[PDB]
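Worksheet for the structure shown next.
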Amino acid sequence: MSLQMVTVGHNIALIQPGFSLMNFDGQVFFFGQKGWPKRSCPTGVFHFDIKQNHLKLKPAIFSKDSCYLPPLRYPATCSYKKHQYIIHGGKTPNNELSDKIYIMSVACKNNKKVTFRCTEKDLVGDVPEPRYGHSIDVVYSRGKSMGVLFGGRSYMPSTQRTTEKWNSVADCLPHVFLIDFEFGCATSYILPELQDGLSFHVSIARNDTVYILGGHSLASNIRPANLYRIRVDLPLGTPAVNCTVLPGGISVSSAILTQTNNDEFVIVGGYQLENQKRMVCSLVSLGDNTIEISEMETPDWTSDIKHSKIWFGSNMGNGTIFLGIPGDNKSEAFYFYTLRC
DNA sequence: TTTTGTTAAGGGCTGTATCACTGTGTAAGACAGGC
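Letter by letter, the first sequence follows residues 1 to 81, 88 to 336, 340 to 350 of PDB author numbering.
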């Protein structure tokens, strides 16, 4: 794992905590810019290309049949296999939470210049309340595909919300949501094993299962060291969901996850306590019914990283993470690194 | 029969309206990078 500093072009201000990166056919893209999109890039979607440790953000265009989704911070994202990206929830530049779900796909790649399709999917049934900091992944069971959504935070319900605490947030009830994108429907499942709310956790999806790692629970103000396996079977039109607690769970919120090889993932970064950062790294190796979490060699962090109180980042896709920390003195607002695996 | 106003010309304290003067905030422009 080699750490490398990155320089940024004129529009560095766009990058903020809560941003996301999506990878299409090796090409990386950036979404969730700070502020509302400007004339320079009306979509809020950017080619995110790092050449010789220099990062350029170049505006990307939408197809004629696209939505223009608002920039979203801490939305739930996953990748769907004809490869597309699912974005659900998040905070908008006006601090509202969206209940909408957007789908990003490549509409046209002409002479290495990508046009995107952003389509909004209506959701009916048990729609999950607007959220941020929650997970969504795709499971495959019995030749059928289903979305699994869990966790996050939201504002108080319209009945109890008051202007003195107008921005107060609470964890959502820990109901797993099965989401059929084909029909646009959502079903909620209460499980006894998920008693507490959880947000900013990590989710790993393999076949018919999603594992839930770390995260932070507001009510207890704990980052629990639990690992949850959630299995989904889809026999015809009657889905079934079952959860199992598995000991050996890491305790981490806001960690970043990257795939280094099939059935092996690396977990880097995050927070172990409010004032402490998780400097260690984990390797997760997947079996068809087993999951293994092993400590790995901690990278050669610089002193700036070691002493930073906050860091934020995203997975670039090619086993490489894009990281960031703030700096004061004279000078830059943010300093960015790329950690390879 | 007892209190006040009043005239005119004119003489000091007092109150406020400027002086001159510059730093400084805001904004009207100019300008140059998007390797």
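Cβ atoms here follow ideal geometry from the backbone N, Cα and C, with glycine treated the same way.
Cα separation between residue i and residue j?
{"i": "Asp132", "j": "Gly18", "result": "26 Å"}
{"i": "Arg237", "j": "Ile218", "result": "11 Å"}
{"i": "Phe183", "j": "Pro305", "result": "36 Å"}
{"i": "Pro198", "j": "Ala246", "result": "14 Å"}
{"i": "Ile297", "j": "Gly157", "result": "21 Å"}
{"i": "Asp269", "j": "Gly293", "result": "7 Å"}
{"i": "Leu348", "j": "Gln166", "result": "44 Å"}
{"i": "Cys249", "j": "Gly9", "result": "46 Å"}
{"i": "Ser314", "j": "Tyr68", "result": "35 Å"}
{"i": "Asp186", "j": "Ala192", "result": "6 Å"}
{"i": "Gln27", "j": "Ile299", "result": "30 Å"}
{"i": "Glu188", "j": "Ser291", "result": "31 Å"}
{"i": "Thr244", "j": "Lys88", "result": "27 Å"}
{"i": "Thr168", "j": "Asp105", "result": "21 Å"}
{"i": "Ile15", "j": "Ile316", "result": "15 Å"}
{"i": "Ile93", "j": "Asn335", "result": "37 Å"}
{"i": "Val286", "j": "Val216", "result": "23 Å"}
{"i": "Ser194", "j": "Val130", "result": "12 Å"}
{"i": "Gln278", "j": "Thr308", "result": "19 Å"}
{"i": "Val144", "j": "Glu303", "result": "30 Å"}
{"i": "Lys51", "j": "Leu57", "result": "11 Å"}
{"i": "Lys38", "j": "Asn11", "result": "11 Å"}
{"i": "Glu170", "j": "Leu204", "result": "25 Å"}
{"i": "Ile262", "j": "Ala76", "result": "13 Å"}
{"i": "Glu301", "j": "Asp128", "result": "42 Å"}
{"i": "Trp172", "j": "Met1", "result": "43 Å"}
Helix or strand or just coil, what does DSSP make of residue i?
{"i": "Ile15", "result": "coil"}
{"i": "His181", "result": "strand"}
{"i": "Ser63", "result": "coil"}
{"i": "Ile256", "result": "coil"}
{"i": "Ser309", "result": "helix"}
{"i": "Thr244", "result": "coil"}
{"i": "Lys171", "result": "helix"}
{"i": "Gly26", "result": "coil"}
{"i": "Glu199", "result": "coil"}
{"i": "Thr347", "result": "strand"}
{"i": "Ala176", "result": "strand"}
{"i": "residue 337", "result": "Since the chain is numbered 336 and then 340, with no step between, residue 337 has no place in the structure shown."}
{"i": "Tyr68", "result": "coil"}
{"i": "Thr125", "result": "strand"}
{"i": "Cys41", "result": "coil"}
{"i": "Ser164", "result": "coil"}
Once the 5 residues before and after residue i are set aside, which same chain residues still bring their CB inside 7 Å of it?
{"i": "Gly35", "result": "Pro99"}
{"i": "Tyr346", "result": "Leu3, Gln4, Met5, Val6 and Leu329"}
{"i": "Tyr146", "result": "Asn213 and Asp214"}
{"i": "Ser79", "result": "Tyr91"}
Does the beta-carbon of residue i have 16 or more other beta-carbons within 10 angstroms, so that it is buried, or is it exposed?
{"i": "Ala225", "result": "exposed"}
{"i": "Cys114", "result": "exposed"}
{"i": "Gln282", "result": "exposed"}
{"i": "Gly254", "result": "exposed"}
{"i": "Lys81", "result": "exposed"}
{"i": "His54", "result": "exposed"}
{"i": "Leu242", "result": "exposed"}
{"i": "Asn213", "result": "exposed"}
{"i": "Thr43", "result": "buried"}
{"i": "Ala342", "result": "exposed"}
{"i": "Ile256", "result": "buried"}
{"i": "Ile196", "result": "exposed"}
{"i": "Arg235", "result": "buried"}
{"i": "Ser340", "result": "exposed"}
{"i": "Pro163", "result": "exposed"}
Could you name the residues of the same chain whose beta carbon sits closer than 6 Å to that of residue i, not counting the 5 residues immediately before and after it, in chain order?
{"i": "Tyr74", "result": "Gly18, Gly96, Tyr138 and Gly139"}
{"i": "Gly323", "result": "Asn23"}
{"i": "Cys41", "result": "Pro59"}
{"i": "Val258", "result": "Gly220, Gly276 and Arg284"}
{"i": "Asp202", "result": "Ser223"}
{"i": "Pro70", "result": "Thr98"}
{"i": "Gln33", "result": "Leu14, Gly44 and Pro71"}
{"i": "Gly325", "result": "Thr264, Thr266 and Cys350"}
Look at the Cβ atom of residue i, then the Cβ atom of residue j, and state whether they are nearer than 7 Å.
{"i": "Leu252", "j": "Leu233", "result": "yes"}
{"i": "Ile142", "j": "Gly149", "result": "no"}
{"i": "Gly221", "j": "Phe206", "result": "yes"}
{"i": "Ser320", "j": "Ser66", "result": "no"}
{"i": "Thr125", "j": "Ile107", "result": "no"}
{"i": "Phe62", "j": "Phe48", "result": "no"}
{"i": "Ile327", "j": "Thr264", "result": "yes"}
{"i": "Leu289", "j": "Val274", "result": "no"}
{"i": "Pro180", "j": "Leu200", "result": "yes"}
Suppose the cutoff is 8 Å on Cβ atoms and the five residues either side in sequence are ignored; what does the same chain contact list for residue i look like?
{"i": "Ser160", "result": "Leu103, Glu135, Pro136, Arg137, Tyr138, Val175, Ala176 and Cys178"}
{"i": "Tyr344", "result": "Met5, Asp310, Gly330, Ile331, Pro332 and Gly333"}
{"i": "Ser260", "result": "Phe206, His222, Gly275, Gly276, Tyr277 and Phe318"}
{"i": "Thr121", "result": "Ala60, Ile61, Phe62, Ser63, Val112, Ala113, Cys114 and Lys115"}
I want to check one thing, is the minimum distance from the CB of residue i to the heavy atoms of the ligand ADP below 6 Å?
{"i": "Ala13", "result": "The ligand ADP is absent from the structure shown, which contains no ligand whatsoever."}
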